[PDB]
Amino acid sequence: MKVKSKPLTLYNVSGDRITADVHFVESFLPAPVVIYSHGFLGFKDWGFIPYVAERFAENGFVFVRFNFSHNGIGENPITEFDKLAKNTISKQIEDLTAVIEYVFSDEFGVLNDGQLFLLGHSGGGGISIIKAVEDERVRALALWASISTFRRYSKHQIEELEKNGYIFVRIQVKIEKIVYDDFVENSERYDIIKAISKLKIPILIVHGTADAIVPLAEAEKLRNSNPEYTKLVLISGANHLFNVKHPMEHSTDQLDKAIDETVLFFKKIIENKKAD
C-alpha cells in the first residue's frame, strides 16, 4: 500500500503562517482525522513524528502534523529565534485552532468521516487537553508523555525571567517573559488538571515508567482528575521519547506499543459509534 503525504500551508487568525502535512492511505478513506501536536521544543519533521505519521496512515487514519507559527522554522524545515521566544500557550492554541478549522474547512481535500481525534505528546498534550475542552468536535484524545501542568518553571527560572526579561532552556533557547505572563494571566483557562476533569470524551493516557522529564506521577494526576473517561496505559521501561534515538533509524518496542494502543483505542471509538 502507498502512504500519500501532502504539504499544507495554513494561517491562524493573526495571519501567522503554519506549515503542516497530511498522511493517508487512499484505500482507507473516508477515515477519521488525527491531529498530532508536539511540545514547544518539538518539530514536525524531527524525531519519531514522520514515522508516527506513516504508521497512523498505514492503520487507517488521516494524520495531520504541524509546526507552530512561532516555533522558529522559517526557511529550513531554526532561523526565527525572535518568534520562538514568544511562542506562548495562547499562540500554540491559536495554531492548533487553525489546524482543526482547516481540517473542518472546504480547503481540506482529504476524504474523511468528520471524526476528529487529537494526539498530543508532552507540551502538545497540554495544548490538546485545553483545545478538547474548548471544542466538542474533538471526539477522543490520546496523550503520550503529556504534562499535567503548564506551570513548569522553577523558583529560580521565574526569578531570572523577572530580572532579565527572558531565560535560556536546553542547545539553549531564549524564552521571553511573555510566555510566563501568558500562562499566569490565563491560569484558569490553561489549568490542565481542571480542563481534563471537564472532558466527557474517551481519553487515553500513555506514559512510560522510566520517564525522567515528565514523571509517571503526572500521568496519574491526569487520570485522577477524570477517572470516568480516562484509561492509563503504562509502557514498561519507556522514557519521555519512548526510547527512540536521534537520528531515528528504527522504531522501538516502546514506540510501537504507544502507536498500537492508540490505534486500537481510536478504532474502538469508531466501532462503538457504528454499533449505536
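Residue positions are given as counts along the sequence shown, with the first one as 1.
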Of the deposited residues between residue 170 and residue 171, the number without coordinates is 4 to 9
Please classify the unmodelled stretch of the deposited sequence between residue 114 and residue 115: none, 1 to 3, 4 to 9, or 10 or more residues.
none
When the Cα temperature factors in the entry are averaged, is it 121 to 129 or 80 to 88 that ends up higher?
80 to 88
Pick between 136 to 144 and 151 to 159: the one whose mean CA B-factor in the entry is higher.
151 to 159
Looking at the C-alpha B-factor values in the deposited entry, which of 187, 164, 97, 197 comes out highest?
164
Of 45, 220, 26, 54, which one's C-alpha B factor is largest in the deposited record?
45
By the entry's values, the third containing the CA B factor of residue 40 is the highest
Classify residue 17 as lowest, middle or highest third according to the C-alpha B-factor given in the PDB entry, relative to its own chain.
lowest
What third of its chain, lowest, middle or highest, does the C-alpha temperature factor of residue 212 fall into?
highest
Binned into thirds over the chain's modelled residues, the C-alpha B-factor of residue 106 lands in the middle
Split the chain's modelled residues into thirds by Cα B-factor; is residue 93 in the lowest, middle or highest one?
lowest
